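Colleague: Sequence first, structure after, both from an experimental entry:
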Amino acid sequence: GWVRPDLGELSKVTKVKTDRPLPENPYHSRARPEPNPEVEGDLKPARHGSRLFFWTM
Amino acid sequence: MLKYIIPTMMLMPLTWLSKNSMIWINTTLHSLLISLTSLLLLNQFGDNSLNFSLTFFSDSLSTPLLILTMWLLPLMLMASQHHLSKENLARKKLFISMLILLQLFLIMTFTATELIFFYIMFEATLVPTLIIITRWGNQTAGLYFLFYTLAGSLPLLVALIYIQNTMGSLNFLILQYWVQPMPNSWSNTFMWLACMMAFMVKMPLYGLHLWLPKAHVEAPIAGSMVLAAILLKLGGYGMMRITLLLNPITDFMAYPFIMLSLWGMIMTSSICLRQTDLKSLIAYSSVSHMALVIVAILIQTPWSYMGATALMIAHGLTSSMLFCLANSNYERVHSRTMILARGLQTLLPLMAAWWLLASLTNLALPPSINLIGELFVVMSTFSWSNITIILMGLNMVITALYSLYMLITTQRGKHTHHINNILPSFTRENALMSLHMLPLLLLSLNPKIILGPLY
Ligand SMILES: CCCCCCCCCCCCCCCCCC(=O)OC[C@H](COP(=O)([O-])OC[C@H](O)COP(=O)([O-])OC[C@H](COC(=O)CCCCCCCCCCCCCCCCC)OC(=O)CCCCCCCCCCCCCCCCC)OC(=O)CCCCCCCCCCCCCCCCC
Ligand SMILES: CCCCCCCCCCCCCCCCCC(=O)OC[C@H](COP(=O)([O-])OC[C@H](O)COP(=O)([O-])OC[C@H](COC(=O)CCCCCCCCCCCCCCCCC)OC(=O)CCCCCCCCCCCCCCCCC)OC(=O)CCCCCCCCCCCCCCCCC
């Protein structure tokens, strides 16, 4: 009483209900470095210009 | 200082938009107006300098140099318009524009508050001067420029950038208050020479002086006036600004160079007794007078700085008048040979009177400011060592002799027979002599304005 599968059936993505838990770190990846801080705050003008030897703006 | 830079730059449309016969009169008139304006720089105080902005300030050192610089331009325009009357009109405007641009560089060289802006203006002054000497000079290597820039300007550049990275600023007003003592080492020794040797060549120093009695001879009259009147004093101004940072290493590193000057003012003065070229005689006299400015800056006492700034102003006036007298003879006999034309008091009495006054102020006849500067330098060097007075006094013998030998050779004796193109003195020439000498005589009535930041 076995029906042979049709064209397209065995290549389906099925779903499986397993009792085992999800592997929370399957790569055994250690803790990442914390990223560099972002920029915040309003942008004020440069304090007394370029400060390039004598240029006052 | 912006009230002086902008009229100086408005002299460029005032010299190019003018008519074909009006580019001497307009430029002379408005440059004399700027020179009359230049007396507002005398708003000086006994404690604080006249600090205009972040870029510009003018204490009592730069102020007489500025007044002399803005006074020198109409005098150079009066001097150089005779022999350029056969020149093309556009090249005539080019000459006047080079003089105006050189004035523009000088008046903000002396008022540069910050030291690398002083350096850029200081090495920017050399370009119009070289254009004037090479283009409107008379006669024909070039290794002097290379030897100048090796031992001079770029060691000064690296030195000022090093001070910029150590101290944090090259403002002279900040460096008055953040100056550190500079101890004995080899790094500080080459640091001291890198700071000093560019101005040493620009004075000139003896042994480094041979560029000047050729650059004066290969120059026109305006080039000689601006060399011996202002451009040799950029070295003295730069030294008086840079010896602030260079203590107390100077207290044992000024020992070689003072020797080169204290013997140098003996040698070059004696070289003035053995000259055939009048213009080279005035050149070696300029070297012998700047040697005392070198000595007075390097011994760094207050009387020495007062004498050195008085000697700078008085020598600018006196040497410019001597070059204009040499111009007046070169425009008659067409030869700079001093023994060629003689006995010229028999023909030109008023011009011989101007020669007499110029030779009296050359040998430091009191109460002239030549003698005031000379005398204060001799007082400070007597305080330095009690033997130098001999080397001073022997100098003050010889500085009389070639001042009067030049007066005896050209202006006295039997007149030359085979020279009959000696015209009477034009009114322009006597005007030039009087505008050189009458400020130099009037400063004897009130010398405290030409005695520097520490009167
Ligand atoms: C109601 C709303 C509107 C209100 C309107 C109110 C205003 C009305 C007026 C409108 C018109 C404005 C015109 C300009 C304003 C004044 C600017 C000024 O003087 O700044 C002072 C500025 C610094 O003085 P300050 O007292 O500290 O500042 C006062 C103000 O706060 C100045 O402000 P600052 O402190 O913020 O300045 C910033 C900074 C201040 O500067 C610095 O921090 C120092 C660095 C300066 C440059 C150094 C370079 C050195 C090496 C290169 C050398 C270059 C070649 C030299 C010249 C070659 C031949 C041209 O400037 C720069 O960095 C710019 C470079 C310099 C250019 C200045 C303007 C030039 C305009 C005309 C150009 C014509 C040729 C000029 C000569 C070129 C060289 C200067 O002076 C200089 O830098 C010295 C040179 C003088 C500047 C030029 C004068 C401008 C007007 C010229 C008119 C005549 C032209 C004649 C024909 C051409 C002849 C060849
Ligand atoms: C602020 C207000 C001030 C008011 C007062 C003015 C202060 C003095 C200013 C200058 C004064 C002399 C100017 C003329 C001499 C140069 C041109 C010339 O040869 O003319 C001869 C000519 C007459 O002779 P000439 O027969 O027709 O022609 C000449 C011959 O062809 C052949 O000529 P020569 O060889 O027969 O004659 C030349 C003769 C030759 O004699 C000499 O070479 C001997 C001189 C040296 C030895 C004697 C003096 C030694 C030192 C002591 C004196 C000073 C201190 C005195 C105080 C007591 C002690 C502390 O020298 C003189 O006659 C000049 C006498 C005055 C000499 C002044 C010092 C020059 C010596 C060298 C520098 C010394 C240190 C500086 C002292 C400054 C004092 C203020 O005179 C005039 O045409 C004069 C015209 C007007 C001159 C105005 C001068 C002032 C200009 C400034 C304008 C802005 C301020 C307003 C004041 C206006 C006042 C009127």
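Modeller: On my side now, so go ahead. Numbers count the residues shown, from 1 in each chain, chains lettered A, B, ... in the order given. Ligands and ions are numbered 1, 2, ... in the order given.
Colleague: Up against ligand 2, what does chain B have?
Modeller: By the rule CB under 6 Å from any ligand atom, the part of chain B lying against ligand 2 is B:349-350, B:353, B:356-357, B:360-361, B:365, B:367-368, B:438, B:441-442, B:444-445. (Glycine included, C-beta is placed from N, CA and C.)
Colleague: out of those residues, which are inside helices?
Modeller: B:349, B:350, B:353, B:356, B:357, B:360, B:361, B:438, B:441, B:442 (DSSP state H).
Colleague: and those, which are buried?
Modeller: Neighbour counting with 16 or more other CB atoms under 10 Å in any protein chain shown marks B:357, B:360, B:361 as buried within these.
Colleague: Please identify the one among these that lies nearest to ligand 2.
Modeller: Nearest to ligand 2 among those, counting by CB to the nearest ligand atom, is residue B:360 at 4.0 Å.
Colleague: can you pull the contacts of the closest one?
Modeller: Neighbour list for residue B:360: B:368, B:403 [criterion: CB atoms under 8 Å, 6 or more residues apart in numbering or on different chains].
Colleague: Just want the most central residue of chain A.
Modeller: residue A:32 (11.6 Å; CA atoms, centre = their mean).
Colleague: Please identify the helix or strand for it.
Modeller: Under the criterion DSSP states H and E, no helix or strand holds residue A:32.
Colleague: That one: what's it in contact with?
Modeller: Listed by CB under 8 Å, 6+ apart, residue A:32 has no contact partners.
Colleague: Please report how far it lies from ligand 1.
Modeller: Residue A:32 sits 47 Å away from ligand 1, going by CB to the nearest ligand atom, to the nearest Å.
Colleague: Residue B:337 too?
Modeller: 40 Å.
Colleague: Roughly how far does that residue sit from residue B:397?
Modeller: Here residue B:337 is placed at a distance of 26 Å from residue B:397 (CB to CB, to the nearest Å).
Colleague: Equivalent analysis for residue B:146, please.
Modeller: Remark: distance between residue B:146 and residue B:397 (CB to CB) = 38 Å.
Colleague: Contacts only, for the residue in chain A that ligand 1 sits nearest to.
Modeller: Closest contact between chain A and ligand 1, by CB to the nearest ligand atom, is at residue A:56 (3.7 Å). Taking CB under 8 Å, 6+ apart, we find residue A:56 in contact with A:48, A:49, B:53, B:54, B:55.
Colleague: SS state for it?
Modeller: coil (DSSP: H, G, I helix; E, B strand; the rest coil).
Colleague: can you check residue B:85 too?
Modeller: Going by three-state DSSP: residue B:85 is coil.
Colleague: Could you count how many residues lie near it?
Modeller: 8 (other CB atoms under 10 Å in any protein chain shown).
Colleague: For it, give me phi and psi.
Modeller: When read as degrees, to the nearest 10, the backbone of residue B:85 gives phi -70, psi -20.
Colleague: now residue B:88
Modeller: Taking degrees, to the nearest 10 as the convention, residue B:88 sits at phi -60, psi 150.
Colleague: Pull the number of nearby residues for it.
Modeller: Residue B:88 has 9 neighbouring residues, counting by other CB under 10 Å.
Colleague: What separation do you get for it and ligand 1?
Modeller: 21 Å.
Colleague: what about the strands in the stretch 1-150 of chain B?
Modeller: B:50-51, B:57-58 (DSSP state E, counting those that start in this stretch).
Colleague: just those: most buried one?
Modeller: strand B:57-58 (a mean of 22; mean count of other CB atoms under 10 Å in any protein chain shown).
Colleague: Show me what that strand is packed up against.
Modeller: strand B:50-51 (3 or more CB pairs under 8 Å, 6 or more residues apart in numbering or on different chains; DSSP states H and E).
Colleague: Nearest to ligand 1 within the stretch 1-150 of chain B, name that residue for me.
Modeller: For the stretch 1-150 of chain B, CB to the nearest ligand atom, closest residue to ligand 1: residue B:53, 3.4 Å.
Colleague: Excluding sequence neighbours, find me the nearest residue to the closest residue to chain B within chain A.
Modeller: Taking CB to the nearest CB, chain B has its nearest neighbour within chain A at residue A:54, 4.0 Å off. Counting by CB to CB, 6 or more residues apart in numbering or on different chains, residue A:54 lies nearest to residue B:114, which is 4.0 Å off, once chain neighbours are set aside.
Colleague: what's the burial count for residue B:210?
Modeller: Per other CB under 10 Å, the neighbour tally for residue B:210 reads 12.
Colleague: ok, now residue B:12?
Modeller: 15.
Colleague: From ligand 2, how far off is it?
Modeller: 31 Å.
Colleague: Distance-wise, check that residue relative to residue B:94.
Modeller: 11 Å.
Colleague: how about the nearest residue to the residue nearest the centre of chain B, chain neighbours excluded?
Modeller: Most central in chain B under CA atoms, centre = their mean is residue B:229, positioned 3.0 Å from the mean C-alpha point. Computed as CB to CB, 6+ apart, the closest residue to residue B:229 that is not its neighbour in sequence is residue B:316, at 4.0 Å.
Colleague: Mind giving me the packing neighbours of the strand or helix carrying that neighbour?
Modeller: Counting by DSSP H and E, the element that carries residue B:316 is helix B:302-333. On a contact count with 3+ CB pairs under 8 Å, 6+ apart, helix B:302-333 meets helix B:62-79, helix B:221-226, helix B:233-242, helix B:278-299, helix B:349-362, helix B:369-384, helix B:427-442.
Colleague: can you do 10 Å?
Modeller: When contacts are defined as 3 or more CB pairs under 10 Å, 6 or more residues apart in numbering or on different chains; DSSP states H and E, helix B:302-333 packs onto helix B:62-79, helix B:221-226, helix B:233-242, helix B:278-299, helix B:349-362, helix B:369-384, helix B:388-411, helix B:427-442.
Colleague: and that helix, how far out from the chain's middle?
Modeller: Computed by CA atoms, centre = their mean, to the nearest Å, the chain-centroid distance of helix B:302-333 equals 7 Å.
Colleague: Tell me the buried residues in that helix?
Modeller: Quick answer for helix B:302-333 (16+ other CB under 10 Å): B:303-330, B:332.
Colleague: swap in stretch B:242-253?
Modeller: Buried residues in stretch B:242-253, counting neighbours by 16+ other CB under 10 Å, are found at B:242, B:243, B:245, B:246, B:249, B:250, B:253.
Colleague: residues in contact with the fifth one?
Modeller: Contact criterion CB atoms under 10 Å, 6 or more residues apart in numbering or on different chains gives B:181, B:182, B:183, B:184, B:185, B:188, B:189, B:191, B:192, B:195 as the residues in contact with residue B:249.
Colleague: run the last query once more with 7 Å
Modeller: Residues near residue B:249 by CB atoms under 7 Å, 6 or more residues apart in numbering or on different chains: B:182, B:184, B:188, B:192.
Colleague: Same check on the first one?
Modeller: If you count contacts by CB under 7 Å, 6+ apart, residue B:242 has them with B:195, B:196.
Colleague: Could you rerun that using 10 Å?
Modeller: Contacts of residue B:242 (CB under 10 Å, 6+ apart): B:115, B:118, B:156, B:159-160, B:163, B:172, B:175, B:192, B:195-196, B:198-199, B:250, B:297.
Colleague: circling back: wait, which of the contacts of residue A:56 is closest to residue B:132?
Modeller: residue B:55 (27.1 Å; CB to CB).
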